[PDB]
There are 4 protein chains.
Amino acid sequence: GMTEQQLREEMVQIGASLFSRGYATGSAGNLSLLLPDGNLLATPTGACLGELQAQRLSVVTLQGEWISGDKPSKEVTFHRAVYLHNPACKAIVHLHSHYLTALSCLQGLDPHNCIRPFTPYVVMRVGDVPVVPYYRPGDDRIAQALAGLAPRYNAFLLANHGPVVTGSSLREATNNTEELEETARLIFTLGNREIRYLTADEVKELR
Amino acid sequence: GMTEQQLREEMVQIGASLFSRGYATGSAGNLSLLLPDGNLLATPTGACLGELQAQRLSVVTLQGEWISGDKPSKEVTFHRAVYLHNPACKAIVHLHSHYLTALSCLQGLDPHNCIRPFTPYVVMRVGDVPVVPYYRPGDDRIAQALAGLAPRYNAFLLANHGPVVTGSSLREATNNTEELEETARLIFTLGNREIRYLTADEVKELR
Amino acid sequence: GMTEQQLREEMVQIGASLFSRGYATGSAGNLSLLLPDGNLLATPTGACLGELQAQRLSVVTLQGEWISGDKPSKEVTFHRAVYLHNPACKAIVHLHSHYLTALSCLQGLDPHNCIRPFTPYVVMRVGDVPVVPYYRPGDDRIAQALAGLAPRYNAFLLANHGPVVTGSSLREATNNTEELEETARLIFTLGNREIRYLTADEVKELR
Amino acid sequence: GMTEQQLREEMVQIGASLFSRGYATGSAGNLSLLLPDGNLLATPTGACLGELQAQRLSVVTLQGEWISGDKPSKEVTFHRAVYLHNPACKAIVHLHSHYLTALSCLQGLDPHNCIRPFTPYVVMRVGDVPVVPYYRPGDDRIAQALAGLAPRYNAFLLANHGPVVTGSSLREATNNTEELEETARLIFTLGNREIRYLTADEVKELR
Ligand SMILES: [Cl-]
Ligand SMILES: [Cl-]
Ligand SMILES: [Cl-]
Ligand SMILES: [Cl-]
Ligand SMILES: [Zn+2]
Ligand SMILES: [Zn+2]
Ligand SMILES: [Zn+2]
Ligand SMILES: [Zn+2]
């Protein structure tokens with residue numbers, strides 16, 4: 001079990017690692033994780049993941065009450081929706097990472113499972129990835145969709161937006177996010193070449 | 001309000017962040033920001049954004065008079081044109097960032113709005129992006145075009161060249177630039193795949 | 001000859017260099033090298049190549065007995081298969097590097113030589129690259145295939161997975177891996193453009 | 001005028017900057033620059049540009065006599081050919097940078113001018129880029145071709161290999177190389193889209 005010290009510390013470090021390696025650019029992205037007391041540690045509003053301050057990270061209750069730190073990111077609203085309908089979720093990584101965001105802008109995505117597996121690792125660690133329709137940023141329908149999907153899915157693709165990825169810790173959610181982004185990137189790299197997709201039996205083996 | 005200390009400091013740091021992360025390569029790019037006294041702080045001529053010296057950053061008046069530091073970048077000429085016709089502009093980021101430059105070399109661009117929105121963030125923070133025709137570097141027509149566009153547009157695409165992005169601070173202009181470059185990159189990533197563009201009503205919601 | 005100090009040190013440094021430069025993401029990848037006593041130094045299970053600890057790197061015998069450090073990566077199983085059938089192999093780099101992994105998901109790969117050479121360097125330093133069929137992670141058939149290929153090939157492409165690259169040291173295996181990944185990347189960059197492949201005589205000159 | 005101290009220093013720093021930013025991978029690439037005494041400072045054989053040691057950089061005469069430091073890179077042979085037929089050349093950057101190497105593997109390149117300009121900067125700072133046919137590494141025909149081209153061209157594309165870029169200093173040659181690589185990258189980014197190429201009059205303006 002990690003303390004609030006190390007959790008605040010981990011959040012700053014993970015933010016910097018994501019920013020320096022291109023997963024987050026500019027003002028985009030936010031991180032959250034459950035604290036020991038059941039409250040939420042989150043990156044503050046208008047923040048840059050490469051410039052986080054452990055001391056000023058937001059703390060909010062799952063019901064939306066602001067507890068300490070700078071005012072939370074406005075997207076923490078739909079972070080909470082996930083926590084409130086999945087007790088296994090201890091941390092959420094939300095990014096506009098390039099290829100997962102690209103995938104989110106495509107027409108004709110399978111809304112229940114937008115990544116057709118050709119590598120085993122997303123299946124083992126994440127599972128299927130549903131798609132939330134596009135809505136104006138701040139729309140309550142975003143959080144509503146996530147609350148309904150959270151009991152069955154460990155990650156979510158917000159159409160015309162980007163991924164929302166859960167995990168049993170912040171580092172595990174970050175690893176899940178990096179695995180997802182790498183898989184989305186492989187989609188665009190493979191392009192229209194003939195892909196050796198995983199067979200139906202090969203996908204069932206990985207659960 | 002930031003002091004000249006911190007402003008010179010911010011410019012060096014932002015330059016290094018842009019250079020290390022690939023937004024600027026070699027000798028390309030320049031930064032400017034309005035000082036408290038109404039003069040312009042700018043990156044010097046023949047400079048490399050990853051090797052800026054706070055102490056030697058150029059200071060020039062909006063009318064072109066060189067005040068302190070190394071001689072300004074020659075492209076500060078069209079930086080000033082923007083400031084002189086947009087009092088909301090406090091900082092300008094000019095880069096040859098790859099995908100915005102690529103977009104600038106295409107034929108058939110909409111000269112009033114070259115980015116057809118499929119994500120909300122460029123619409124919210126920047127708006128439409130006009131295109132300036134290509135002219136020999138140093139041509140006064142570049143600054144002339146920018147002066148005429150500056151009252152209505154917060155960013156500009158110089159054809160066969162690259163973006164010129166304004167902001168209410170250097171960090172905000174850098175975030176706008178990073179958002180624009182990411183959006184241009186998404187264009188080339190999405191390619192000829194069918195894109196779920198934002199509807200006309202979805203674009204009007206974001207102003 | 002390097003000591004265990006420097007070998008543990010080299011492994012941590014090489015891991016960090018691969019992680020910071022994008023060759024490894026998240027929890028993916030592992031390194032191994034032969035120690036002076038014939039045992040294997042390897043990166044531990046559930047490890048992140050950018051966060052290795054020299055002091056806790058695993059040590060295992062080539063027959064699978066765990067000797068010191070954290071429990072080895074589960075993929076060290078097929079590392080050992082290579083060592084046990086190639087005495088020239090002193091170090092193995094396994095990554096899910098993007099373009100070699102992409103190449104590994106394609107249909108119709110030549111299973112004996114999946115990289116058709118258009119640059120001399122993979123031929124000089126690595127040679128032909130066979131393809132191992134896809135199998136569920138942990139399948140003994142993976143190690144079996146590698147043991148049979150190891151006497152004739154210095155690198156291997158695990159289908160729907162990624163590269164396994166040998167070398168006379170960890171740095172040489174890393175350089176071989178970087179050369180291979182760059183060559184795989186060139187394949188996807190060149191795309192369907194007409195390539196000046198190396199002639200048959202030009203390939204024979206490089207051995 | 002820079003001293004040997006600063007020149008050795010600049011070479012190490014420039015190497016690290018090129019390696020960390022992806023222009024050089026593994027064992028590929030070499031740098032050279034003319035010393036005040038007319039001898040050549042060069043990166044040593046089997047070296048990694050991110051791990052250079054100022055103290056052990058090679059010094060060789062333009063006629064090939066090894067003077068100090070580790071044994072020079074074998075590719076310094078064709079570095080010297082350029083110096084011996086262009087007194088304006090004070091530094092040479094040779095890389096296998098991805099997109100310039102990709103361009104070098106294409107069929108049907110214009111051997112006198114392989115980059116059709118759609119941005120002004122390669123024309124202003126480099127000029128036309130000839131193509132040297134592919135030859136086995138170490139072939140004297142490589143140096144022969146470069147010696148014949150050096151009086152008229154400031155950079156050269158070795159087919160199936162990579163760029164060789166001159167400059168009036170190491171930093172200027174590095175900036176030329178970065179500008180060239182960015183232009184080659186734009187070629188592959190633009191792909192088969194209709195490009196607004198620079199007109200014939202627009203290219204003549206830039207000399
Ligand atoms: Cl926010
Ligand atoms: Cl300039
Ligand atoms: Cl493992
Ligand atoms: Cl060499
Ligand atoms: Zn978002
Ligand atoms: Zn410019
Ligand atoms: Zn693996
Ligand atoms: Zn070379």
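The figures that follow rest on heavy atoms only: side chains count, while hydrogens, waters and symmetry mates do not. Each chain gets a letter, A, B and so on, in the order its sequence line appears, and its residues count up from 1.
- Looking at A:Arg185, both its backbone and its side chain come within 4.5 Å of chain C, counting heavy atoms on both sides.
- Side-chain atoms of A:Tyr23 and C:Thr25, non-hydrogen and from C-beta on, do get closer than 4.5 Å to each other.
- Around the CZ atom of A:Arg152, the shell of radius 6.0 Å holds more than 12 heavy atoms that belong to other residues, nucleotides or ligands.
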Practice prompt. Run the numbers on C:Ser27 and A:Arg125 for side-chain contact (heavy atoms from CB on, under 4.5 Å), then give the verdict.
Written response: CA-CA 11 Å; C:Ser27 79; A:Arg125 311 165 75 252; 4.2 Å; yes
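- By the 4.5 Å heavy-atom criterion applied to side chains, A:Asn175 and C:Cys48 are not counted as neighbours.
- Within 6.0 Å of CD on A:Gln53 lie no more than 12 heavy atoms contributed by other residues, nucleotides or ligands.
- For chain A, the option among C:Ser104, C:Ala102, C:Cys105 with the highest count of heavy-atom pairs below 4.5 Å is C:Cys105.
- To the nearest 0.5 angstrom, A:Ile195 atom CD1 is 10.5 Å from C:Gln107 atom CD.
- Few gaps surround CG on A:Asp37; more than 12 heavy atoms of other groups in view lie less than 6.0 Å from it.
- C:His96 and A:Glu182 form no side-chain donor-acceptor contact under 3.5 Å, judged by distance and modelled atom types alone.
- For C:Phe19, the parts lying near chain A are the backbone and the side chain together; criterion is any non-hydrogen pair under 4.5 Å.
- No close placement of the A:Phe118 and C:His161 rings is indicated, their centers lying 6.0 Å or farther apart.
- Contact count against chain C (heavy-atom pairs under 4.5 Å) is highest for A:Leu186 among A:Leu186, A:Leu206, A:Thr119, A:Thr174.
- Between A:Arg21 and C:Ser20, the shortest heavy-atom contact is CG-O, 4.3 Å.
- Nearest heavy-atom pair, C:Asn160 versus A:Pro120, reported as atom, atom and distance to 0.1 Å: O-CD, 3.6 Å.
- Across all their heavy atoms, C:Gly191 and A:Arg193 have their closest contact at CA-NH2, 3.9 Å.
- Within 6.0 Å of the CZ atom in C:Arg56, the count of heavy atoms belonging to other residues, nucleotides or ligands does not exceed 12.
- Looking at A:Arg196, its side chain never comes within 3.5 Å of a backbone N or O of C:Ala159 through a donor-acceptor pair.
- Heavy atoms closer than 4.5 Å to chain C are found nowhere in A:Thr177, neither backbone nor side chain.
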